[PDB]
Number of protein chains: 2
Amino acid sequence: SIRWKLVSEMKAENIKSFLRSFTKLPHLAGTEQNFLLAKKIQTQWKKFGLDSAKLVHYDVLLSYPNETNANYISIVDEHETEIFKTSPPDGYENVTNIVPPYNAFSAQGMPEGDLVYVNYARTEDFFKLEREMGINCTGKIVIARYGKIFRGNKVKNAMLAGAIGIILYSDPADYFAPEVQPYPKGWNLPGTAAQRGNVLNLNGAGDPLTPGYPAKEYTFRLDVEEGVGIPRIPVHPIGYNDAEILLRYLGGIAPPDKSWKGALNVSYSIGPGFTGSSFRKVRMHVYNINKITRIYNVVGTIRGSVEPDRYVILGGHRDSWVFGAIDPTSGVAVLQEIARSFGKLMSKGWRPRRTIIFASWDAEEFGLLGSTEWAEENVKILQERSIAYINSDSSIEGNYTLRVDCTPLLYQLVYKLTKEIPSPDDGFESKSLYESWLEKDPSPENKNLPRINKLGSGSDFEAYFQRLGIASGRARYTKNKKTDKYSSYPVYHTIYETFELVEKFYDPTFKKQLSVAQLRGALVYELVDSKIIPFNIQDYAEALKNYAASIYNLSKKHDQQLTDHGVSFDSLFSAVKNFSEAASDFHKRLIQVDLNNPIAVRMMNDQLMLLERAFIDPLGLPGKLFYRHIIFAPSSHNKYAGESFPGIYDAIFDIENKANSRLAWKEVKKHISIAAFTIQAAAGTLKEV
Amino acid sequence: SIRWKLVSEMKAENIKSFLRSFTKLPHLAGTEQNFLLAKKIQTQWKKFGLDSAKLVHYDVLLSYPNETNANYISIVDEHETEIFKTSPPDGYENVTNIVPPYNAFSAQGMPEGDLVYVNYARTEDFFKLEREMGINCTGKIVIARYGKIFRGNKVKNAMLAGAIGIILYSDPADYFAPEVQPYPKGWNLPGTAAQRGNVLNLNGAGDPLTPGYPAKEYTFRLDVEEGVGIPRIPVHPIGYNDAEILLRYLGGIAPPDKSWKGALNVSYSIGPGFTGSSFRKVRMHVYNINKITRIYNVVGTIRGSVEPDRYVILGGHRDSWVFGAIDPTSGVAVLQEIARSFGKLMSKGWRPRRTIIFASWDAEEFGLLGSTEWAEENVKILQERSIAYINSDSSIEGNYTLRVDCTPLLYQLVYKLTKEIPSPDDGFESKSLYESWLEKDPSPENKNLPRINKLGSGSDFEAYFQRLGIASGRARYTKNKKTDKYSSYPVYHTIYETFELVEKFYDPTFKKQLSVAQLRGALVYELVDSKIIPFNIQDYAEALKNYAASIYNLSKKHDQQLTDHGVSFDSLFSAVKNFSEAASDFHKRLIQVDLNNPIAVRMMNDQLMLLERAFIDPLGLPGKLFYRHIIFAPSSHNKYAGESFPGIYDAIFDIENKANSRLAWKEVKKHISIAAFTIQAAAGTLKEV
Ligand SMILES: *[C@@H]1O[C@H](CO)[C@@H](O[C@@H]2O[C@H](CO)[C@@H](O)[C@H](O)[C@H]2NC(C)=O)[C@H](O)[C@H]1NC(C)=O
Ligand SMILES: *[C@@H]1O[C@H](CO)[C@@H](O[C@@H]2O[C@H](CO)[C@@H](O)[C@H](O)[C@H]2NC(C)=O)[C@H](O)[C@H]1NC(C)=O
Ligand SMILES: *[C@@H]1O[C@H](CO)[C@@H](O)[C@H](O)[C@H]1NC(C)=O
Ligand SMILES: *[C@@H]1O[C@H](CO)[C@@H](O)[C@H](O)[C@H]1NC(C)=O
Ligand SMILES: *[C@@H]1O[C@H](CO)[C@@H](O)[C@H](O)[C@H]1NC(C)=O
Ligand SMILES: *[C@@H]1O[C@H](CO)[C@@H](O)[C@H](O)[C@H]1NC(C)=O
Ligand SMILES: *[C@@H]1O[C@H](CO)[C@@H](O)[C@H](O)[C@H]1NC(C)=O
Ligand SMILES: *[C@@H]1O[C@H](CO)[C@@H](O)[C@H](O)[C@H]1NC(C)=O
Ligand SMILES: N[C@@H](CCC(=O)O)C(=O)O
Ligand SMILES: N[C@@H](CCC(=O)O)C(=O)O
Ligand SMILES: [Ca+2]
Ligand SMILES: [Ca+2]
Ligand SMILES: [Cl-]
Ligand SMILES: [Cl-]
Ligand SMILES: [Zn+2]
Ligand SMILES: [Zn+2]
Ligand SMILES: [Zn+2]
Ligand SMILES: [Zn+2]
């Protein structure tokens, strides 16, 4: 088949050669090297035979350290004397423009005060501090370990708790795998290395200065003081050698339980303040600058021969913090090999039914900026014509098994395709990727199916799925959750994401990366070439039944309050029942369509394409204009995680502590009502008459 | 042709018989008689052969007088003694449930104070009072004449000026045509009759309690105190015999110029307060009740034979204030004759290409409620599938010539069809409706074309056009603007809208009403049956050039401020130029489409259908979530009038009086930028690649 030709043409050695060629130098967004990398990708796409390959630019707010006013954290004594001040990989000694560690979009400032340790700065950590531990973070500098949640959530939470600065650090508990040596001898994080990353709270907005509209040359810009999501306190990241020094002499209360203690040889006492030391106060000194900077997406096409006005997007970012050999450049290499394989099909006369859009996004590391600005520019055509969005970010975050996150529409296609892709895993040499994935990560809701996760955020599908309602999916290799307890991977967002790390420690044969390229490309192929779009709406019906049971179950502890305030889930369960009936009826009619009647086929394909769109509410979610999907949103507590029925979940979260119970329960009733309507409206789009 | 069979089958005598049958009794929304009228229409549609004819209900907030606490206005002396208190047509003496005059959704209250006359309570009238005349309306009861603008705008303006109540009255200057006798001898307004009507400021919201979502049984409802658009002061309407008594002894300043003087034998002095009289203070006593009440739309279909998933809607309201023989029942009679004629085509084997949706809306008089709630219920299918909405409200507001209001997409079709409809006008017996319309109302922008107006609001197309972006149009007979200076028509919204009024004074032969039925039906036919949707996008390009010139011209008096604040219209003119090029290119390709290739035709029809949608911004306009069209919105000063580039217009309106000039000019820059983007995005939807 053509699909088999596409998959079998892809080669591990080509992905290896692309990855080596793209990881010799840093390629930070907005810098010359990342523009050169865009031009290299564009030249390659033209060689591969794509119909178009254009640079599309925007001028967006980015953030960089000031080369002549370096950031640092210090400890001073009571005489204001500085007692302590916080401070390339082998083969890269001559690389001169590695950006020093910082947290992009930090406020500027030089706050000084007592230090308080806040664990992971999660919502439950700050609840514990205020409600159980007697700690008031107002006016304090807080120190938080990285991990568990998106770092911009930590900064939001610290600001809500009243902190005047937050120091982020990498605890070995979270970034040092047991019995692995630090880079370069192994793949662990050395104590000298800090994790970069932005600390915005954009909630889907894109460029901070231009929410809603693409950041073109003429575009209106908010004043920078009003840029969306920009934090109002300084934030800076340090490695664990420096953090150990800051934590060692903290006094005050002991850590409240083992879940607050990391792995350093310190007490993990909370503060505020020091004991047993010259150590008196902590200062931060953070002077990153925010500047409007040009970014460049590469956007290419293969136009459809039958339905050129229908799109499948394969998009992945290419900007990195340093070399980014895993994040994103492993995905950049996969995307080039997928485009090369589609080019080889074209060289033998093939053309897809629908149009493929290839996209290499810029400034993802600064808040999904290039992908979101392109969505904002092209929203009218994208929302009326897009079948699906397949991401192409990091392909290799671990070497254990596959991880897939996608809308329920795509479950059956994912399972189908993984059965036809050879497994790359040791011991599975005559078996499919589906077989090894099922053995290694079975779904909690059905032991005979591999686990597929909900979509959250933190990569470039966000605007497509959560704002525009375009069915989306992502797939990559990952670690074993049962045995590997570190967050992300040890060297994430550090200088040590090198080609050598990937080849020596993650995937020497490049077979695991190859299997990811084959699955991402095969997904695009099936979506773009199949006469009937390969979605299954009965899987969505089943997913809604699960989510409705889950939110109802979370309500049970409030049963008396539901009764007293006249709150019922009946309308939500009724809408889900109606949706299930409509989805069953729709599939019964779909198998009857006359495949030789192009309008009959197009009408049913439009119902398949527009079903995800029905869940999009233009009014958005409370306080979040750009999260419009009523079934899924990024968790308010952790942008990386997806939350189901987010309007209901957020209304009932911590409800027992709301000042006004009558008002709080009416908010729960509002979001139940909106979810019921939205599901019923979605069901209505499937109806025959 | 089939079109000629549709048009020629319609008969003046059938419209007359329908109108007589629907105007014998009042049919106020939410009352038994208007539910019976829905059932009568449904039975008729089934007889005519429609595929479906269903009642679709909602439970919405309505407002009615309290039968046991009647409303009134009084004058009291300084001893609190009431000195004056304000207080069926021939053949209708036995009709028992005529609603007394009131303004639906008035606040309740019994305010007492000095009276001030405020002319038409327009924005410019209150500017004149405060800025030129030295009058402070804070704490006053104001008295305003009806006319010029929507009455809910008057109430909004009075509330902003600080009034504690507003009395509305019908001045003969505005509702008594010269040398015409009052009803029943002629068609003029008697001095005893008051004009009913709602005084909400909904801005497109629909039912006050359920903005965004259809008002179903399970739906969340705002508390009534927070219902959208409900005024916070009492409002009540009176006839001119009563108003003359209230105005006669007003003292204080003389009327400032002749434009403030009406036609009563009083001075038109402004107040506050009285002179020359027992007349000391005015009181209002208004105790209407707001109640959730069931309403019923009738929704029917004729399903398309080729594209059943594409819709043309023919919708008109049927609720009235009393008998409503002009408003809306003349349109109700037209809609039945159109549906009957489509049924006759079906009886000979015809079926349309696309689906026709017929709709008889309820509660239009209470804020477009039935049409807007149905749009909110069905938004997902309507926004993806609707070609157009044709209204069927009043057909006969005067007897001079045609008036058409529609999107530029529809101009060429309207002109085309009117050439093929016989003119009903005396002296035009062998000529077309186009010919008589052109002679009587030539367009100011092109003397060789009849005038077509922009869409504003005040009837049921509003949600379809201004919220959802579905091309809309309306047509009706109207008065001669050059010679007839009264507002609306004299007996508008009074008890005297009777069948006898229409037959004796407006259109005895029913030929003018017939010509309106033929044009509304022919529009539906062409939109629903033509293989290529009959829109012209080059007419839209021309309209945008006109609107861009107009808003730029309004800016000229602020030239120095544009320079000082760095405001430019360049991006707007650039987007309009790009749109014109894209529209020309699109029509060049459209004439080349292979009419025998169904997917090629459907792709181009989708571009025609989705073009109006490109102008819809889900973020809405400032303070108005439900006005989303960037090119048109109802004027902020008069809901009945359409305004072009409303975001820019409202930002620059009265800008010289804004407290903070820097902030005000940045708002103008924001809306110019949004308009430029939106037009460029619309152009992008037309592009081939
Ligand atoms: C699911 O569909 C059912 C059947 O159409 C709807 O049930 C109606 O519910 C209303 C109350 O909302 C009752 O007044 C009707 O009598 C019901 N009709 C039945 C059971 O045949 C139900 O409302 C729909 N659910 C939603 C959320 O729209
Ligand atoms: C209309 O189309 C033109 C041509 O594509 C756009 O012109 C570009 O304008 C930007 C500034 O916005 C310049 O940087 C480019 O050099 C222009 N290219 C030209 C003239 O070929 C113009 O921006 C579009 N208008 C809008 C509102 O998008
Ligand atoms: C960088 O810091 C130096 C030293 O404080 C300062 O003079 C300069 O303005 C800073 N640069 C920017 C772009 O703010
Ligand atoms: C925390 O400290 C601040 C400032 O010293 C004070 O305003 C606030 O009341 C305290 N709040 C608590 C303990 O919740
Ligand atoms: C890669 O797989 C090998 C073999 O199972 C294992 O020893 C190694 O730890 C894995 N690497 C990472 C980075 O997990
Ligand atoms: C109508 O007015 C009477 C007299 O004030 C009052 O008793 C009654 O409650 C009112 N009805 C409603 C529905 O408010
Ligand atoms: C109008 O009168 C009110 C109340 O008496 C007063 O508060 C206000 O300052 C006055 N405002 C004017 C003349 O603008
Ligand atoms: C109807 O037309 C006749 C003849 O021109 C005219 O006398 C009459 O005033 C018109 N009626 C109305 C209500 O304008
Ligand atoms: N993927 C980047 C950016 C995510 C975001 O800004 O949403 C990170 O996790 O740091
Ligand atoms: N057509 C009615 C209702 C209009 C509206 O509420 O927008 C009137 O003008 O009174
Ligand atoms: Ca933007
Ligand atoms: Ca509603
Ligand atoms: Cl990915
Ligand atoms: Cl109308
Ligand atoms: Zn990434
Ligand atoms: Zn990253
Ligand atoms: Zn009407
Ligand atoms: Zn009316």
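The record names X-ray crystallography as the way this model was obtained, at a resolution of 1.37 Å.

The name that the PDB entry assigns to chain A is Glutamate carboxypeptidase III, with the source organism given as Homo sapiens. As deposited in the PDB, this entry carries the title "The high resolution structure of human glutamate carboxypeptidase III (GCPIII/NAALADase II) in complex with L-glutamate". In UniProt, chain A has this text filed under Function: "Has N-acetylated-alpha-linked-acidic dipeptidase (NAALADase) activity. Also exhibits a dipeptidyl-peptidase IV type activity. Inactivates the peptide neurotransmitter N-acetylaspartylglutamate." Taken from UniProt, the Subunit comment for chain A reads in full: "Homodimer."

### Description of the coordination of the zinc ion (ligand 16)
Between any two of four tetrahedral donors, the ideal angle at the metal is 109.5 degrees; between two of six octahedral donors, it is 90 or 180 degrees. Residue and element names in this part refer to chain A. Taken together, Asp327 (OD), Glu365 (OE), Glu365 (OE) and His493 (NE2) make up the full set of protein donors to the zinc ion (ligand 16), lying 2.0 to 2.4 Å away. Sequence spacing of the donors to the zinc ion (ligand 16): D-x37-E-x127-H. Metal-to-metal, the separation of the zinc ion (ligand 16) and the zinc ion (ligand 15) is 3.7 Å; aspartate 327 coordinates the two. Linking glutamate 365 in the loop between β12 (354-361) and α9 (369-385) with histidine 493 in the loop between β17 (472-478) and α13 (499-506), this pair joins segments that are 128 residues apart in sequence. By relative accessible area, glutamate 365 is classed as buried at 4%.

### Some words on the site of ligand 9
Residues and elements named next belong to chain A. Inspection of the region around ligand 9 gives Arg151, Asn198, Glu364, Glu365, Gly367, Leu368, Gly458, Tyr492, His493, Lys639 and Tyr640 as its neighbouring residues. For ligand 9, a nitrogen atom lies 2.7 Å from a polar atom in the side chain of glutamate 364. Here an oxygen atom of ligand 9 sits 3.2 Å away from a polar atom, N or O, in the side chain of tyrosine 492. Starting from 300 Å² of accessible surface for ligand 9 in isolation, the protein chains cover 97%. Taken together, the residues of the shell around ligand 9 break down into 3 nonpolar, 4 polar and 4 charged.

### Section: the packing of aromatic side chains
Under the definition given, this model contains 76 aromatic pairs over all chains. Centre to centre, the rings of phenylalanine 127 of chain A and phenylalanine 653 of chain A are 6.1 Å apart; their planes meet at 15°, and the pair counts as stacked. Judged by its relative accessible area of 26%, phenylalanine 653 of chain A falls in the partly exposed class. Taken together, a centroid distance of 4.7 Å and an interplanar angle of 15° make the contact between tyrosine 389 of chain A and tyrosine 464 of chain A stacked. Here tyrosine 464 of chain A lies in helix α12 (residues 462-467) and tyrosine 389 of chain A lies in strand β13 (residues 386-391), a separation of 75 residues in the sequence. A relative accessible area of 0% places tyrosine 464 of chain A in the buried class. In textbook terms, an aromatic cluster arises when at least three aromatic residues are bridged by ring pairs, as seen for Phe465, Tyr540, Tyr547, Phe579, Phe615 and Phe632 of chain A. Its guanidinium or amino end placed over the ring of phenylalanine 150 of chain A, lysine 639 of chain A lies 5.3 Å from that ring's centre, counting from NZ or CZ. Positioned over the ring face of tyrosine 72 of chain B is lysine 85 of chain B, at 4.1 Å from the centre of the ring.

### Some thoughts on the pairing of strand β19 (residues 638-644) of chain B
Moving residue by residue along a regular strand, the side chains alternate between the two faces of the sheet. Residue and element names in this part refer to chain B. One ladder, built from 4 bridges, connects strand β18 (residues 632-635) with β19; its direction is antiparallel. For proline 634, the partnering residue across the bridge sits in β19 and is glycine 642. Here β18 folds back onto β19 in antiparallel fashion, the turn holding 2 residues.

### Overview of the site of ligand 10
All names here are of chain B. With respect to spatial proximity, the complete set of residues near ligand 10 consists of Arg151, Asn198, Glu364, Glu365, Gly367, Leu368, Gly458, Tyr492, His493, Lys639 and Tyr640. With respect to ligand 10, the side chain of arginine 151 contributes an N or O atom lying 2.8 Å from an oxygen atom. Here an oxygen atom of ligand 10 sits 3.2 Å away from a polar atom, N or O, in the side chain of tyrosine 492. Here ligand 10 loses 97% of its free accessible area of 300 Å² to cover by the protein chains. The residue makeup of the shell around ligand 10, split by class, is 3 nonpolar, 4 polar and 4 charged.

### A few points about the relation of the copies chain A and chain B
Here chain A sits on chain B after a turn of 180° about the axis and a move of 0.0 Å along it, with an RMSD of 0.0 Å. The superposition operator between the copies reduces to a two-fold rotation axis. Closest to the rotation axis within chain A is the C-alpha of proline 618 of chain A, separated from it by 2.6 Å. A shared interface surface links the copies, since 100% of the contact residues of chain A are contact residues in chain B too.

### Considering the coordination of the zinc ion (ligand 18)
All names here are of chain B. The zinc ion (ligand 18) binds to the protein through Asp327 (OD), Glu365 (OE), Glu365 (OE) and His493 (NE2), with metal-donor distances spanning 2.0 to 2.4 Å. Relative to the metal, the 4 donor atoms surrounding the zinc ion (ligand 18) lie at angles of 58 to 158°, and the coordination shape comes out irregular. Look at where the donors of the zinc ion (ligand 18) fall in the sequence and you get D-x37-E-x127-H. A separation of 3.7 Å is found between the zinc ion (ligand 18) and the zinc ion (ligand 17), both of which receive a donor from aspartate 327.

### Things to note about the UniProt feature "binding site: Ca(2+)" in chain A
Residue and element names in this part refer to chain A. In the numbering adopted here, UniProt assigns the feature "binding site: Ca(2+)" to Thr210, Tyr213, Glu373 and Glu376. Tracing the chain through its elements places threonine 210 in the loop between α6 (172-175) and β8 (235-238). Here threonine 210 falls in the buried class, since its relative accessible area comes to 3%. Sequence-distant contacts of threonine 210, that is, excluding residues within four places in its chain, are made with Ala215, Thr219, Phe220, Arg221, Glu373 and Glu376. Among the polar contacts listed, one links the side chain of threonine 210 to the side chain of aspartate 207, at a separation of 2.7 Å.

### What to know about the nonpolar core
Core analysis: the largest hydrophobic core is formed by 461 residues, its most contacted members being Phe342, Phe366 and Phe579 of chain A together with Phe342, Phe366 and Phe579 of chain B. Apart from the residues within four sequence positions on either side, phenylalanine 342 of chain B is in contact with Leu6, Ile302, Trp350, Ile356, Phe358, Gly521, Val524 and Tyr525 of chain B.

### Quick notes on the pattern of salt bridges
All names here are of chain A. Evaluated as defined, the whole model comprises 76 salt bridges over all chains. For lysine 281, the salt bridge goes to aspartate 114, with nearest N and O atoms at 2.9 Å. Across the pair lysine 128 and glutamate 132 runs a salt bridge whose closest N-O atoms are separated by 2.9 Å.

### Here we look at the UniProt feature "active site" in chain A
With numbering aligned to this structure, UniProt lists the feature "active site" at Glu364, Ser568, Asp606 and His629 of chain A. With the annotated positions falling across 266 residues, the maximum pairwise C-alpha distance of 41.2 Å shows that they are not confined to a single cluster. Along the chain, the position of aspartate 606 of chain A falls in helix α18 (residues 598-610). The class of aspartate 606 of chain A is buried, set by a relative accessible area of 5%. Leaving out residues up to four positions away in the same chain, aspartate 606 of chain A has contacts with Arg310 of chain A together with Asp309, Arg310 and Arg602 of chain B. Examined against the element boundaries, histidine 629 of chain A turns out to sit in the loop between α18 and β18 (632-635).

### Some thoughts on the domain arrangement of chain A
Buried accessible area, meaning the area lost when the parts come together, often serves as the stated size of an interface. Residues and elements named next belong to chain A. Domain annotation of chain A identifies domain 1 (1-65 + 287-534), domain 2 (66-286) and domain 3 (535-689). Between the C-alpha centres of domain 2 and domain 3 there is a distance of 37 Å. The interface of domain 2 with domain 3 comprises 14 residues on the first partner and 11 residues on the second. Joining domain 2 to domain 3, the criterion identifies 1 salt bridge. The salt bridge involving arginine 131 is made with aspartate 654; its shortest N-O contact spans 2.9 Å. Taken together, the connections running from domain 2 to domain 3 amount to 9 residue pairs in polar contact. Sorting the residues of the side of domain 2 that touches domain 3 by element identifies α4 (123-131) and α5 (151-160) as the ones contributing at least two each. Looking at the side of domain 2 that touches domain 3, its residues break down into 5 nonpolar, 5 polar and 4 charged.

### Some thoughts on the sheet that holds strand β10 (residues 289-302) of chain A
Residues and elements named next belong to chain A. Here we have 7 strands laid out as an open sheet, ordered β1-β10-β12-β11-β13-β17-β14, and mixed in their pairing. Looking at the sheet topology across the chains shown, the edges are occupied by β1 (52-64) and β14 (401-406). Strand-to-strand twist across the sheet, computed as the mean angle between neighbouring axes with direction ignored, equals 20°. Pairing analysis gives 5 bridges linking β10 to β12, with the strands arranged antiparallel. Bridged to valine 299 within β12 is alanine 359.

### Examining the sheet that holds strand β5 (residues 115-117) of chain B
Residue and element names in this part refer to chain B. Spatial ordering of the open sheet is given by β5-β6-β7-β8, a layout of 4 strands whose pairing is parallel. A single partner strand is all that each edge strand has here, and the edge strands are β5 and β8 (235-238). Here the strands of the sheet are splayed against their neighbours by 25° on average, with no regard to which way each runs. Here 4 bridges tie strand β7 (residues 165-169) to β8, and the two strands are oriented parallel to one another. From the neighbouring strand, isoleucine 167 faces β8, where its bridge partner is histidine 236. Each of β5, β6 (141-145), β7 and β8 is contacted by helix α7 (residues 240-248), which is oriented at about 110° to β8, the strand it contacts most.

What counts, and where the lines are drawn
Residues numbered from 1 in each chain as written, not as in the entry; some residues may be left out. Chains lettered and ligands numbered in written order. Heavy atoms only, no water. UniProt positions renumbered as here; feature names shortened; annotations may be inferred. Donors = N, O, S within 2.8 Å, 3.2 Å for Na, K, Ca; no water. Helix = DSSP H or I, 4+ residues; strand = E, 2+ residues; numbered from the N terminus. Buried < 20%, exposed > 50% of the residue type's maximum accessible area, 1.4 Å probe, protein only. Near = heavy atom within 4 Å. Polar contact = N/O pair within 3.5 Å; in protein donor to acceptor, adjacent residues only side chain to side chain. Areas by Shrake-Rupley, 256 points an atom, 1.4 Å probe, with all protein chains shown as cover. Nonpolar A, V, L, I, M, F, W, Y, C, P; charged D, E, K, R; others polar. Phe/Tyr/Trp six-rings, centres within 6.5 Å; stacked < 30°, edge-to-face > 60°. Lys NZ or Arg CZ within 6 Å of the ring centre and 35° of its normal. Pairing = 2+ DSSP bridges. Least-squares fit on C-alpha atoms. Contact = heavy atoms within 4.5 Å. Tetrahedral: all angles 85-135°; square planar, octahedral: opposite > 155°, others 65-115°. Core = buried A, V, L, I, M, F, W, Y, C linked by side-chain atoms within 4.5 Å. Salt bridge = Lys/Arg side-chain N within 4 Å of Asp/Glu carboxyl O. Domains from an automatic or database assignment. Axes fitted to C-alpha atoms, helices over the stretch in contact; angles between N-to-C directions.

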